[PDB]
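Undergrad: experimental structure and sequence below.
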Amino acid sequence: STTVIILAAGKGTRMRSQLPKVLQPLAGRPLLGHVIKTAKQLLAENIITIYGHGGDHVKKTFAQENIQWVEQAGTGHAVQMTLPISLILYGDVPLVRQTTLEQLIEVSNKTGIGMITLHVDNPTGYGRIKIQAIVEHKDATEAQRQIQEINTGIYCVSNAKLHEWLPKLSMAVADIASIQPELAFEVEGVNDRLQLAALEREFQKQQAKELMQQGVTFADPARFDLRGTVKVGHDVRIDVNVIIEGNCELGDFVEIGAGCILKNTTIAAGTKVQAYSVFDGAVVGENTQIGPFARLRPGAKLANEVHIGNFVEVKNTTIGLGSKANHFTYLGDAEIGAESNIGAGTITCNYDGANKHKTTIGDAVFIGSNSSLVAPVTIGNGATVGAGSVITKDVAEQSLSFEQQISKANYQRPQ
Amino acid sequence: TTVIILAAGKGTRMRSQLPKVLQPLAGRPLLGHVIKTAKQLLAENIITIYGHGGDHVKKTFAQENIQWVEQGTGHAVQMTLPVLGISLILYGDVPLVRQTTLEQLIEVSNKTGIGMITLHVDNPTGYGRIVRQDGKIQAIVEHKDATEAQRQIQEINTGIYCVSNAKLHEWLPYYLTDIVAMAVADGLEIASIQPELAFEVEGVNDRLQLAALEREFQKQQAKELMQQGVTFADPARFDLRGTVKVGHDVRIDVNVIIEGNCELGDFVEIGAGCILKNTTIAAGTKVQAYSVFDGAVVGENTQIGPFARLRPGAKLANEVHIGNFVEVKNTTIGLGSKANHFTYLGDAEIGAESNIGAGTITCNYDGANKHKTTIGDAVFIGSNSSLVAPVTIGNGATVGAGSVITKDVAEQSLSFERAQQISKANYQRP
Amino acid sequence: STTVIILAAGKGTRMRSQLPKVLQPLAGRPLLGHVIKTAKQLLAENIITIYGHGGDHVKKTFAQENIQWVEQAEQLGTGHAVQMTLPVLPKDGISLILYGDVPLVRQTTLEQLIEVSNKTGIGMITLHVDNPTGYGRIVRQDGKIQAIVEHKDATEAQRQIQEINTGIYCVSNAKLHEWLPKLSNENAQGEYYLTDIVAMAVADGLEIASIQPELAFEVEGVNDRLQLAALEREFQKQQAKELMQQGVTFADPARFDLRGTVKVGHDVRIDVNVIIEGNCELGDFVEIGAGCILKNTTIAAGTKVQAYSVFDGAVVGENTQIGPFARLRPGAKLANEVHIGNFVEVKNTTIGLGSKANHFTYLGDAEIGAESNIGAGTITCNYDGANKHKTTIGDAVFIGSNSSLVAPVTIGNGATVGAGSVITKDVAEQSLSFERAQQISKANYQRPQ
């Protein structure tokens, strides 16, 4: 049974933030959230978090998590509170990989104590590392400062043996395994916004590299952001300044245009998304054409072959096979069938000021331009709606439903 | 204090029709950066030496009380003699020199009567060499005229001097670096300082150097904001073209541009690709991606975007929600009101707790004049309504979808369009 | 007579693609397309392409190109690939040997290679690299090329050679017809090495000419997406640099993409994250705002394009004001002084001098005159479900807001259309057409709770 200890008490005053250090964002998630995620991935029997200043916010943020919280009112003094195997992690060192921490556990269980070390080209200011001791640069004599192997602070000690060493802090070899991380930023902490941004860029760069190793094409991998997870097929092409948030999926041959933003969205094979389209909680079928300037909101579901054009907003609406809304329109709380056409300026009036109501549009329907569909209304298959109509009664299958222009000659416009 | 700016260079490598000092850097001409800095220093007089294209330059800075002079670099300052306390000698094409550096130079120069800014560079090729015997500056030798031993000097001349107006009149009556030896000849000891940042004293000659100086400036500006506590998703994808005041816990996503004078309150979140110009945004507001603001005033805990367009006079109270493909121009929107869908609100006054449906349009323009639309509190404007200004929609009123409003709608009243549903059965489309 | 031979058979396994390697994209064009374009610039009499796996796609992609296709069913070396060209290889003249996955080689470089190889009968392109690890080494005896030794086989002394092989040769076809059948695979890999023709040429008493490219990425190949992205960035960086040398201003030249050609005037200003596709033109003093994307569009002098405007097949005159969030589609033609505002879509529409559409609108299949105004919410209803129809708007027409113009319809000069109108009949010159008021008022209405 492996338990993880997380130090998350730092105020991080260099952040100049009102929130505790470990709630600062990195790729769309608080620092501490990254570490809790890895600790849950390790199948940790227990997770104990040391909070400090502002711990109310932290406990509030992770309330639905089975964590044993501990107040801290030094790093050695901080761990001492946990006495009332184990990993020692830092809330502000967020990117340590589960494969590294397991690698540390296997070598520590055979010895009873392990740690992560790292070789740095420039070790100025860091603590210097059979391992014999660690001398911090502040108190380290000039001779030891030439060491380029530095300390990371990440330890793994047996639960039994920790209790013997922990109170006597006024040591381990007297009664030490080590590994180095696969990537240096795994063990990198942050103290201010400069360091937060530099780690963000290291993380994004590595994420783009891993996607390219999977076969993704990037117009510019330095202008890409993943804040979560994405599942990708083959021949996926991603243009500049795309952002991907939450958990997304991109099918085979999916092409994502410049500046598109996807959150909690799946896009099936063959779809081409033109530039500046944003998705949140959308499900997009195969061989669709979207954008530019399309906005899909939660509940937007597009069947295969659907076309969505510019300045289009789809919210909580399913659009059946091959239907098109090429021009500016608002489709909300709507069910639209197959092979239907939504004219420019069409609006679902889905909100009466208090409640939402459903619009139902059949197959092979033509909704003429500048139409207002007052929900709840059903428009049967094959029907046609005249341009500029306000529609309140259900339109029969195959029916044309439409809602007197006056002319004055030789009219002079105001001067 | 008077500032003398050398702004005669043609800058032919720019391959531009405008003189060099009108090329852009962070949203303002090169010379404008220097004039701005000269005004920060409280210069009694500002004298600018112009050359090719001086008509454009004088026209561009017409509302600035500067004494213009027509046109070697030493010969250039000599032409200013009819027009000159102390004076600073700056270059119009070296725009990013800071006022704190120029003040630092004045403190050491006032003690001697002549000081200068120098710089250490790894490669000093082509620059003038600062020759110091026992720590005191003796002369400046231009790279062309420098002995082989002297070419090893890595402290170079920047061309930025602070000289007494009295001593200048004796020295000026060809290269300006000869004023150094002239100074040691009269017994004065050339003071020196170095800038805190090398790009402060950097000139530009073509578009390559212009872009690299721009990127140096932007990197430094994002760094200073990060030191204040701003968060950047990517500090290399950020542009400041003016000034911005920030609160704590401000978060700025990628490719944000900030122009003019802006303000960002506490906990403000600016999404990807937003562009803000002369706009204030108060605490708690979240701006979604691709929203652009010009002359906007935004309250607390508002929700804006994505794809919002706010234009001058747009004023949003606290709790307002503005959604996608929305254009607000010269319009005030009261507390907690919503316009979540595509709409044009122009020249309008909107009350509190009101709802603007998709497709609503203020018809504010009759082809010649603009007219005001006035919307009260707790008004519901149904979708695709055309509001023909001037018109008032009183509190608690409701407007039916697809309505054209030309008469004032009474408080608590419903106005809706008589819409007869006409059906033709079994209709075949063409 | 000059012939170009393109080796385009690689599967490109590290691309993890379903497509052959040479159809992967670079600056908006498949790799092989860049080389076919340069080969046509050289005025090549013949173009012979060696395909392998997936040649059906390749043949389909360049079907409207006069290419002689040659299959390489088994992959047994580049020399074995060139051997395949013998049934269709000419007897006189010279041939260039290029790679489909080495796309950015410039025509000026290949001309220099042709000029020095005409003097000897065989030349090749070489390159000096700081680290030559993994490359084939150019072996010179008394300064004359004798062989290429692959990194696998090079002794420690030979690995110090920093002159590497690019694989790009210019050879007389007669000597190729003599050398290609006598190629030997009696080595370790069992492959027919193309470099053996260097050994055969020196054996015949020929001197091997050589040149170096002006830019190293000209001769760089790609095997995976990392290399693809790194070459793309190298190409874009170089493209922005050349535009700046011409006088273009960039807010950030590292946030710029040219995927085609662009002709530019003086004092052109290009903001961040602009993309340029196909063939474009920007006149003097044109300003392109942040994030704009232009494809096959010309923009004349003085026009100011605000941010997030997208153009495809547009023709834009002088001193127009466009965007932000403008969308121009093929056939969009704007006269001088036109203003296009936000959330505006123009498709196959001509707009005359000084006319304005400042607010959200769809103008499709329309002809619009001069000094006319399009109100917010205006729509040309151009599509009846089967055919498209034209909307005609005259000079100094005022189209009030939320108007639906049902094509085909004409709105005459000086006419005025009331807000919220549906127009189906032609509107006369100087005439007003408006919708009869139909607002019903009910006092003290309580909305649902």
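TA: Structure received. Numbering: from 1, shown residues only, chains lettered A, B, ... in the order given.
Undergrad: residue contacts, the closest residue to residue A:90 other than its chain neighbours?
TA: Nearest non-adjacent residue to residue A:90, counting by CB to CB, 6 or more residues apart in numbering or on different chains: residue A:7, 5.2 Å away. To be clear about C-beta, it is placed using only N, CA and C from the backbone, and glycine gets the same treatment. By CB atoms under 8 Å, 6 or more residues apart in numbering or on different chains, residue A:7 lies in contact with A:50, A:75, A:78, A:79, A:88, A:89, A:90, A:91.
Undergrad: which ones among those residues map onto strands?
TA: A:50, A:88, A:89, A:90 (DSSP state E).
Undergrad: nearest to chain B, of the residues you listed?
TA: For these, the residue nearest chain B by CB to the nearest CB is residue A:90; the value is 19.6 Å.
Undergrad: so that closest one sits against residue A:154, correct?
TA: Yes. Contact status for residue A:90 versus residue A:154: in contact at 7.4 Å, counting by CB atoms under 8 Å.
Undergrad: all helices of chain A, in order?
TA: Taking DSSP state H as the criterion, chain A contains helices spanning A:31-41, A:55-61, A:75-80, A:98-109, A:159-165, A:193-214.
Undergrad: which of these is buried the deepest?
TA: helix A:31-41 (a mean of 21; mean count of other CB atoms under 10 Å in any protein chain shown).
Undergrad: how about the contacts made by residue A:163?
TA: So residue A:163 contacts residue A:83 (CB under 8 Å, 6+ apart).
Undergrad: swap in residue A:377?
TA: Here residue A:377 is in contact with A:359, A:360, A:391, A:392, A:393, A:394, A:395 (CB under 8 Å, 6+ apart).
Undergrad: how about the first one: which residues does it bridge to?
TA: According to DSSP bridges, the residues that bridge with residue A:359 are residue A:334, residue A:377.
Undergrad: spit out the contact partners of it.
TA: A:331, A:333, A:334, A:335, A:348, A:350, A:373, A:375, A:376, A:377, A:379.
Undergrad: make a PyMOL selection of the buried ones in these.
TA: Entered in PyMOL, the line below selects the buried ones among the contacts of residue A:359, by 16 or more other CB atoms under 10 Å in any protein chain shown:
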select buried, chain A and resi 331+333+334+335+348+350+373+375+377+379
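Undergrad: sorry, back to before: of all pairs in the contacts of residue A:7, which one is the farthest apart?
TA: With CB to CB as the measure, no two of the contacts of residue A:7 lie farther apart than A:79 and A:91, at 13.1 Å.
Undergrad: thinking again about what came up before, among the ones in strands among the contacts of residue A:7, which one has the most neighbours?
TA: Counting neighbours by other CB atoms under 10 Å in any protein chain shown, the top entry in the ones in strands among the contacts of residue A:7 is residue A:89, with 26 neighbours.
Undergrad: would you mind confirming that it is in contact with residue A:97?
TA: No. Residue A:89 is beyond contact range of residue A:97, at 11.8 Å (criterion: CB under 8 Å).
Undergrad: now the common contact residues for the two.
TA: Common neighbours of residue A:89 and residue A:97 (CB under 8 Å, 6+ apart) are residue A:38.
Undergrad: if residue A:231 is in a bridge, with which residues?
TA: Per DSSP bridges, the residues bridged to residue A:231 are residue A:249.
Undergrad: and residue A:136, how far from chain B?
TA: Going from residue A:136 to chain B by CB to the nearest CB, to the nearest Å gives 25 Å.
Undergrad: next, count neighbours for the residue lying closest to that residue once chain neighbours are set aside.
TA: Once flanking residues are discounted, residue A:136 sits nearest to residue A:127: 4.3 Å by CB to CB, 6+ apart. Residues lying near residue A:127 (other CB under 10 Å) number 19.
Undergrad: residue contacts, residue A:127?
TA: Residue A:127 touches A:134, A:135, A:136, A:137, A:140, A:150, A:151, counting by CB under 8 Å, 6+ apart.
Undergrad: hang on, the fourth one packs against residue A:125?
TA: The reference is to residue A:137. Yes. Between residue A:137 and residue A:125 there is a contact under CB under 8 Å: 4.9 Å.
Undergrad: which of these two has more neighbours?
TA: residue A:137 (15 against 10).
Undergrad: and that one, how far from residue A:148?
TA: Using CB to CB, to the nearest Å, residue A:137 is found at 12 Å from residue A:148.
Undergrad: now list whatever residues contact both of these two.
TA: What both residue A:137 and residue A:148 touch, as defined by CB under 8 Å, 6+ apart, is the set residue A:123.
Undergrad: what's the closest non-adjacent residue to residue A:274?
TA: Once flanking residues are discounted, residue A:274 sits nearest to residue A:291: 3.4 Å by CB to CB, 6+ apart.
Undergrad: so the one you found sits right up against residue A:256, yeah?
TA: No. Checked against CB under 8 Å, the pair residue A:291 and residue A:256 is beyond contact range at 9.8 Å.
Undergrad: no more questions from me, cheers.
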